[PDB]
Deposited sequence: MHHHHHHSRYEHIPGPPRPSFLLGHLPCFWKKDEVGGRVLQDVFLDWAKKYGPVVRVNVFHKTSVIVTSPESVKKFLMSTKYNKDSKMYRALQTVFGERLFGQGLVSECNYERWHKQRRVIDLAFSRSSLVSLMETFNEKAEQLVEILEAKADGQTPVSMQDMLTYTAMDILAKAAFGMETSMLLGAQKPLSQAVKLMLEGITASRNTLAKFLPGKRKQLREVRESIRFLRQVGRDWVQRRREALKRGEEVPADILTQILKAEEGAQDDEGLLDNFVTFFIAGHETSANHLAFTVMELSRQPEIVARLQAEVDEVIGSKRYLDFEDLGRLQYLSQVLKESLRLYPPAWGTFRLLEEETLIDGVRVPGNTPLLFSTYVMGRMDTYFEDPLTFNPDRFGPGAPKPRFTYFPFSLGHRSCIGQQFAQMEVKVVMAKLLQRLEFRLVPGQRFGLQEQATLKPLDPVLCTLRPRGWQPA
């Protein structure tokens, strides 16, 4: 009853889109079994995301914190909603995402991208179907594990299948917790719970190896794990460390994979844009196998294509803030203690904010084009924006540039362009393609 006065009805994000269009900038919805208010004016996005006064609503992150009674991300960087506790860990972990830190990762990005392209080139017979979703997820995982933890997962070589299965089931668990046959319930619970335990045990094992390497005086390059450890200096137990281990293990590859998959999917029906991209990579990097850091800024058209991919297909569709006190938002009285839902997915597909919103047009992000003002936020905005944004943008440019340099992709007929909402948004189908060398 406290929300019944708010406009509203008498993937789920498309239903929200329809309702925002019909009912306006402030609409009551039910999401993850709780009443929320979707706020879609740019004035609101600015007000709430650009102030440290407004913090995340913990209740809407419960499925990341713990699933079926197993601690998952716990109080790591994404799911910690207390400002002071978040701030302390953010400032320490930020050191691993410095300009100098990120420049040193180019070798890893290049090596894993080159490995992917070589594997794909051997299958480029115009006939063999290849799941680009799977290949790009393995590439993202292998990049993350090496870059962040000094670990070789070698998923591109077909290694670590138990780990890959663990990740899949954990993501299914997050999804089931936020939605949802007795025999079905039993096996599901068992497999999800054991997968989460496996992931934290991977953390424990790798932290032990790192500590042992340091004690023996071995060479350990400073990385994300260094700063995750530094954040926990003098903690009473290792649960905080393992929260962030798992947070970065998953966050550091899943969304990047989703974004790569969506971009490959969309480009399969954009032959003219693909031709322009091919020309750009040919002109900027030539025959070089390796992209230098300075080359990345020169791939201007690719940058624009990637921005446009995130407008229509943001893997993380939005964020929540807790409204503590009753507040008038765009003419609507919103009671205190209410989760406010912000969605870059919904705003990206609204004609009020983007002309011909379903048209894929990289020119929207061109040098002379007016920039979206608080209508576009695939990495979010403000203090709780993505710590990995520049890491992600670099890795995906490296991977895409090397694909475009060497291969042509055709989507297998019957493959769909639709989305599914699991723990993130991702393509519904495996992005099955046939390949030829350029």
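Asks: Please list, in sequence order, every stretch of the deposited sequence that lacks C-alpha coordinates.
Replies: According to the deposited record, C-alpha coordinates are absent for 1-7, 18-38, 209-211, 470-474, which together make up the missing parts.
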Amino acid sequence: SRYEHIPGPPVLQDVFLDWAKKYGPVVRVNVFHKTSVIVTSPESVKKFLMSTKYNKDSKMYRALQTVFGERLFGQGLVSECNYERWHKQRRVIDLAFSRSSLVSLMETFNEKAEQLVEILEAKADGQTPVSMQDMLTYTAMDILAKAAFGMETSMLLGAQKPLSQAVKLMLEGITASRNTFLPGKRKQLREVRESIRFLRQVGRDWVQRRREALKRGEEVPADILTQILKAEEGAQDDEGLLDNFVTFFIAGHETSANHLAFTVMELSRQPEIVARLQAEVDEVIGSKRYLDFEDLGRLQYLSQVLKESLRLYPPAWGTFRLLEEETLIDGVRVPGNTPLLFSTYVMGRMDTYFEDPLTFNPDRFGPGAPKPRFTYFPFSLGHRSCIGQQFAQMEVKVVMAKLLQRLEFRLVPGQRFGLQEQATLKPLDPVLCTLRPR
From here on, numbers count along this sequence of modelled residues.
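Here the rigid core means the biggest group of C-alpha atoms that line up within 1.5 Å when the two forms are laid on top of each other.
Asks: Quick one: with the core lined up, is it 391-399 or 57-65 that wanders further in 8 other deposited structures of this protein, going by C-alpha RMS?
Replies: Result of the core-fitted comparison in 8 other deposited structures of this protein: 57-65 deviates more.
Asks: C-alpha RMS from this form in 8 other deposited structures of this protein, rigid core superposed: larger for 142-150 or 159-167?
Replies: Once the cores are fitted, 159-167 deviates more in 8 other deposited structures of this protein.
Asks: Among the other entries of this protein that model both neighbours of residue 240, is it absent from at least a third?
Replies: Other entries vs residue 240: none skip it.
Asks: Would you say residue 346 goes unmodelled in a third or more of the other compared entries?
Replies: Looking at the other entries that model residues on either side of it, residue 346 is present in every one.
Asks: According to the deposited model, is the average Cα temperature factor higher in 181-189 or in 243-251?
Replies: According to the PDB entry, the answer is 181-189.
Asks: Please work out which of 225-233 and 287-295 has the higher mean CA B-factor as recorded in the PDB entry.
Replies: Of 287-295 and 225-233, the stretch with the higher C-alpha B-factor average is 287-295.
Asks: Could you tell me which one of 79, 319, 128, 153 shows the highest CA temperature factor in the PDB record?
Replies: Highest C-alpha B-factor among the listed residues goes to 153.
Asks: Choose from 31, 387, 37, 392 the residue with the greatest Cα B-factor as stated in the PDB record.
Replies: In this record, 31 carries the highest C-alpha B-factor of the candidates.
Asks: Within this chain's modelled residues, let me know which third the CA B factor of residue 25 belongs to: lowest, middle or highest.
Replies: Residue 25: CA B-factor falls in the middle third of its chain.
Asks: Based on the entry's values, in what third of the chain does the Cα temperature factor of residue 373 lie: lowest, middle or highest?
Replies: Residue 373: CA B-factor falls in the highest third of its chain.
Asks: Can you tell me whether residue 402 has a C-alpha B-factor in the lowest, middle or highest third compared with the other modelled residues of the same chain?
Replies: Middle third.
Asks: Based on the deposited C-alpha B factors for this chain, I'd like to know if residue 337 is in the lowest, middle or highest third.
Replies: Lowest third, going by the recorded CA B-factors of the chain.
Asks: Ranking the modelled residues of this chain by C-alpha B-factor as given in the entry, is residue 173 in the lowest, middle or highest third?
Replies: Ranked within chain, residue 173 CA B lands in the highest tercile.
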